[PDB]
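The figures that follow rest on heavy atoms only: side chains count, while hydrogens, waters and symmetry mates do not. Below, chain A is the first sequence line, B the second, and so on; all start at residue 1.
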Amino acid sequence: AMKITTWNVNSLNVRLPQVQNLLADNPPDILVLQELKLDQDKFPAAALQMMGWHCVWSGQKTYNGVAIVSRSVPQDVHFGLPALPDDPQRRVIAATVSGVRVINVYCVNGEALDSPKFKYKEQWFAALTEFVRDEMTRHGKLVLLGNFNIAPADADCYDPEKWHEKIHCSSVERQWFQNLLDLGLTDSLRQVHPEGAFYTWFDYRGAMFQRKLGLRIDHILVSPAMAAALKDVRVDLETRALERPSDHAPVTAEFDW
DNA sequence: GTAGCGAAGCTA
Ligand SMILES: [Mn+2]
Ligand SMILES: [Mn+2]
């Protein structure tokens with residue numbers, strides 16, 4: 001049995017109490033975090049060490065930042081993407097935990113299809129695909145998860161017409177998501193729930209979470225051996241309902257052997 | 001238009 005959760009916390013300093021409650025109540029075996037918004041030396045290591053968790057992270061000031069938090073020691077820690085060696089943005093960290101290769105991603109948002117950040121998103125996803133492909137040659141059990149900033153299909157967008165060829169939802173971005181699936185990865189939530197709206201992000205503005213209008217952009221992609229053991233996938237909207245919340249909801253997958 | 005950072009604007 002193994003339980004893994006991914007959560008885009010949007011500032012770990014603000015959300016640390018809620019991270020700690022996730023780790024105390026029905027804890028996962030592994031928790032991965034995105035958008036830490038704290039530098040490498042500002043990570044709350046001692047507070048999570050006190051509770052019995054190992055932590056590896058890659059941080060920077062103000063933006064981005066990723067961490068992996070586990071009961072087991074995370075081994076063979078890799079930082080960033082080999083095909084993009086000079087990118088200073090801290091968006092990828094990988095480790096092997098209990099025989100499972102975990103690749104935690106805070107994928108580029110892109111801002112808008114005509115933004116320069118959209119070309120960056122394109123290049124970055126190209127580099128991610130090459131890295132994942134190489135990692136998959138060595139690890140039969142592999143999980144690629146985090147904030148992809150891509151809603152894969154119309155059922156992952158509350159208003160397909162208004163988001164037509166817009167950021168997160170464009171046919172170009174969806175092809176990049178498909179490029180990752182084509183390596184042999186399964187969209188774990190859609191294996192357990194082929195139908196229905198399972199949004200993971202709701203805009204802070206316009207009370208979108210109360211309206212329950214959001215996108216499914218946080219995913220857990222699994223290798224075949226992990227899909228064969230997949231038991232359930234759930235979006236934790238209760239964490240999203242808390243006071244001063246992250247705009248993303250945690251997503252957890254459970255496997256059995 | 002909100003949220004977080006960091007101190008005005010950028011990013012999401
Ligand atoms: Mn459409
Ligand atoms: Mn944000």
S.K.: Can you tell me how far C1' of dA12(B) sits from NZ of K37(A), to the nearest Å?
M.R.: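 Computing the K37(A):NZ to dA12(B):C1' distance gives 7 Å.
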
S.K.: Using the closest heavy atom to pick a nucleotide of DNA chain B for each, name whichever of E35(A) or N10(A) lands nearer the 5' end.
M.R.: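 Here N10(A) is the residue nearer the 5' end.
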
S.K.: Taking NZ from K42(A) and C1' from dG4(B), how many angstroms apart are they, rounded to a whole number?
M.R.: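 To the nearest whole Å, that distance equals 16 Å.
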
S.K.: For a side chain to side chain contact (heavy atoms under 4.5 Å, CB included) with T200(A), tell me which candidate from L215(A), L237(A), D218(A), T6(A) qualifies.
M.R.: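 Only match with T200(A) under side chain to side chain contact (heavy atoms under 4.5 Å, CB included): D218(A).
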
S.K.: Figure out the CZ/P separation between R90(A) and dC5(B), and round it to whole Å.
M.R.: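 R90(A) atom CZ is separated from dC5(B) atom P by 20 Å.
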
S.K.: By side-chain contact (heavy atoms from CB on, under 4.5 Å), which residues pair with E165(A), not counting sequence neighbours?
M.R.: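 Expected list: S170(A), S171(A).
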
S.K.: Within this structure, what is the CG-to-P distance between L38(A) and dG6(B), rounded to whole angstrom?
M.R.: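 Roughly 10 Å, once rounded to whole Å.
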
S.K.: Respond yes when some side-chain nitrogen or oxygen of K61(A) is under 4.0 Å from OP1 or OP2 of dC5(B), and no when none is.
M.R.: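 Negative; the distance criterion is not met.
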
S.K.: Want to settle it: does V14(A) or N149(A) sit nearer the 5' end of DNA chain B, counting the closest nucleotide to each?
M.R.: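 The residue closer to the strand's 5' end, by nearest nucleotide, is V14(A).
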
S.K.: Pick out the pairs of N or O atoms, protein on one side and nucleotides 7-9 of chain B on the other, that lie under 3.5 Å.
M.R.:
none

S.K.: Is the shortest heavy-atom distance from the side chain of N21(A) to the side chain of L242(A) under 4.5 Å?
M.R.: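 A side-chain contact under 4.5 Å is absent here.
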
S.K.: Do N179(A) and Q175(A) have side-chain heavy atoms sitting under 4.5 Å apart?
M.R.: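 Result yes, sub-4.5 Å side-chain heavy-atom pair found.
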
S.K.: Could you tell me how the ring of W57(A) sits relative to the ring of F43(A): parallel (under 30°), tilted (30 to 60°) or perpendicular (over 60°)?
M.R.: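 Rings of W57(A) and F43(A): parallel, as their planes differ by under 30°.
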
S.K.: As an exercise, state the distance from CZ of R15(A) to NZ of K37(A), rounded to the nearest 0.5 Å.
M.R.: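 Spacing of CZ (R15(A)) from NZ (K37(A)) equals 8.5 Å.
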
S.K.: For a quick check of understanding: with a heavy-atom distance under 4.0 Å over all strands, which category does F202(A) fall into, base, sugar-phosphate or nothing?
M.R.: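 No contact at all - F202(A) keeps every heavy atom at 4.0 Å or more from the nucleic acid.
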
S.K.: Give me each pair satisfying ring-ring contact (aromatic ring centres under 6.0 Å, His included) with a member in residues 60-97 of chain A, each pair once, sequence neighbours excluded.
M.R.: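 ring-ring contact (aromatic ring centres under 6.0 Å, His included) check on residues 60-97 of chain A returns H78(A)-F131(A).
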
S.K.: Give the rounded distance in Å between these two atoms: CZ of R15(A) and P of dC5(B).
M.R.: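 The distance from CZ of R15(A) to P of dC5(B) comes to 8 Å, rounded to the nearest Å.
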
S.K.: Please report the distance, rounded to the nearest Å, between CG in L36(A) and P in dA3(B).
M.R.: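 Distance check: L36(A) CG to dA3(B) P gives 21 Å.
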
S.K.: Hey, does the side chain of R205(A) come within less than 4.0 Å of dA12(B)'s phosphate (OP1/OP2), counting only N and O?
M.R.: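 Checking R205(A) against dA12(B): no side-chain N or O falls below 4.0 Å of OP1 or OP2.
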
S.K.: Figure out the CG/P separation between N64(A) and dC5(B), and round it to whole Å.
M.R.: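 The distance from CG of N64(A) to P of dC5(B) comes to 14 Å, rounded to the nearest Å.
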
S.K.: Heavy atoms within less than 4.0 Å of DNA chain B: which residues of residues 164-175 of chain A have one? Give them sorted by number.
M.R.: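 Contacts with DNA chain B under 4.0 Å: none.
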
S.K.: Is the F202(A) ring parallel, tilted or perpendicular to the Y199(A) ring (thresholds 30°, 60°)?
M.R.: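 Taking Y199(A) first and then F202(A), their aromatic rings stand perpendicular (interplane angle over 60°).
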
S.K.: Can you tell me, in whole Å, how much space there is between the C1' of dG6(B) and that of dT11(B)?
M.R.: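 Roughly 13 Å separates the two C1' atoms.
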
S.K.: Less than 4.0 angstrom between a side-chain N/O of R244(A) and OP1 or OP2 of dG4(B), yes or no?
M.R.: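 Checking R244(A) against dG4(B): at least one side-chain N or O falls below 4.0 Å of OP1 or OP2.
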
S.K.: Report the residues that fulfil side-chain contact (heavy atoms from CB on, under 4.5 Å) with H164(A), sequence neighbours left out, ordered by chain and then residue number.
M.R.: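 Here no residue qualifies.
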
S.K.: Using whole Å, report how far NZ of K117(A) lies from P of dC10(B).
M.R.: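 So the NZ-P distance, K117(A) to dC10(B), works out to 9 Å.
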
S.K.: Can you give each donor-acceptor pair under 3.5 Å made by side-chain atoms of residues 141-157 of chain A, sequence neighbours left out, with the distance rounded to 0.1 Å?
M.R.:
{"from": "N147(A)", "atom 1": "OD1", "to": "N149(A)", "atom 2": "N", "distance (Å)": "2.9"}
{"from": "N147(A)", "atom 1": "OD1", "to": "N149(A)", "atom 2": "ND2", "distance (Å)": "3.3"}
{"from": "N147(A)", "atom 1": "ND2", "to": "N8(A)", "atom 2": "OD1", "distance (Å)": "3.0"}
{"from": "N149(A)", "atom 1": "OD1", "to": "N109(A)", "atom 2": "ND2", "distance (Å)": "2.9"}
{"from": "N149(A)", "atom 1": "ND2", "to": "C107(A)", "atom 2": "O", "distance (Å)": "3.0"}
{"from": "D154(A)", "atom 1": "OD1", "to": "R174(A)", "atom 2": "NH1", "distance (Å)": "3.3"}
{"from": "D156(A)", "atom 1": "OD1", "to": "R190(A)", "atom 2": "NH2", "distance (Å)": "3.0"}
{"from": "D156(A)", "atom 1": "OD1", "to": "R216(A)", "atom 2": "NE", "distance (Å)": "2.6"}
{"from": "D156(A)", "atom 1": "OD1", "to": "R216(A)", "atom 2": "NH2", "distance (Å)": "3.3"}
{"from": "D156(A)", "atom 1": "OD2", "to": "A153(A)", "atom 2": "N", "distance (Å)": "2.8"}
{"from": "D156(A)", "atom 1": "OD2", "to": "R216(A)", "atom 2": "NH2", "distance (Å)": "3.2"}

